Amino acid sequence: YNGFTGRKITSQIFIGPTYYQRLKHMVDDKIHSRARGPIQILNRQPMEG
Amino acid sequence: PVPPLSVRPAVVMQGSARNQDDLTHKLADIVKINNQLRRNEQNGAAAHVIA
Amino acid sequence: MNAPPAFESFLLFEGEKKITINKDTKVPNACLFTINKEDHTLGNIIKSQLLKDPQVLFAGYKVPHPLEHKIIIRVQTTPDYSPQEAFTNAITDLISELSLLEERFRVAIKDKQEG
RNA sequence: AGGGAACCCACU
């Protein structure tokens with residue numbers, strides 16, 4: 001049944017228990033932005049990483 | 001020509017000793033050998049050592 | 001890091017209005033009701049009750065974005081009627097039905113408990 | 001005021 005309206009879904013749905021894994025890759029360890037931060041000594045371009 | 005310091009920056013490192021670029025070490029070798037060779041001319045020396 | 005607080009889905013922010021009314025100018029006798037901090041529960045019951053009204057030509061609702069907490073209800077009525085009137089009457093009908101249902105559930109519970 | 005190189009693993 002659709003949760004929003006309570007109506008049945010016309011097609012029947014394949015459902016059951018499946019072993020799932022949480023991988024170490026999490027968005028909060030990847031998100032990054034920069035607006036004029038530190039720069040390299042030799043060339044004066046933004047730092048890496 | 002000896003490039004300016006900005007081309008071969010020396011960075012103040014954790015250990016208080018300053019860190020020198022690779023170019024600076026190479027220039028140091030060049031200066032040492034140049035000075036030695038200059039010494040062996042103002043006072044004559046065997047052509048073998050000069051070579 | 002960017003998680004919204006859970007209460008954000010049902011608590012009005014300072015200055016935020018529960019409900020706003022605008023005219024739909026494409027067609028006559030049509031209004032859009034924007035409701036803040038409500039979801040499918042209210043939107044669906046209100047729409048279905050409005051569809052029961054014979055003087056309502058159009059009734060529908062939507063959640064523009066699941067990560068936001070707004071519903072929009074669009075109502076068009078016949079010219080002898082008003083979308084504001086239809087909306088008010090739909091809420092009154094829903095309240096009446098719920099009150100009756102609560103009374104009858106109380107009576108049924110009492111019967112079951114006695115025997 | 002803040003380094004660098006090298007190497008290894010991994011992601012699309």
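We use all heavy atoms of the structure for the numbers below, so side chains are in, but hydrogens, waters and symmetry mates are not. Quick note on labels: first sequence line is chain A, next is B, and so on, each numbered from 1.
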Can you tell me the distance, in whole Å, between the CD atom of B:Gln14 and the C1' atom of D:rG3? 7 Å

A:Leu23 atom CG is separated from D:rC11 atom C1', nearest whole Å, by 11 Å

Are more than 12 heavy atoms, taken from residues, nucleotides or ligands other than C:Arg104, located less than 6.0 Å from that residue's CZ atom? no

Nearest whole Å is fine: how far is D:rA1 P from B:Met13 CE? 17 Å

Options D:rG2, D:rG3, D:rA10, nucleotide nearest the side-chain atoms of B:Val12: D:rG2

Length of the NZ-P vector between A:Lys24 and D:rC9, whole Å: 14 Å

What is the distance, rounded to the nearest whole Å, between atom CD of B:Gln20 and atom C1' of D:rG4? 13 Å

Measuring from atom CD1 of C:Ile35 to atom CD1 of C:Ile21, what distance do you get when rounded to the nearest 0.5 angstrom? 9.5 Å

Could you state the atom-to-atom distance from CD1 of A:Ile41 to P of D:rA5 in whole Å? 10 Å

Rounded to the nearest Å, what distance is computed from the NE2 atom of residue A:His32 to the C1' atom of nucleotide D:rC11? 16 Å

To the nearest 0.5 angstrom, please state how far the CG atom of C:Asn36 sits from the OG1 atom of C:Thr20. 6.5 Å

When rounded to whole Å, the CZ to P distance for the pair B:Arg18 and D:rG4 reads 16 Å

Could you grab the distance from atom NZ of C:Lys47 to atom CZ of C:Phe58, nearest 0.5 Å is fine? 9.5 Å

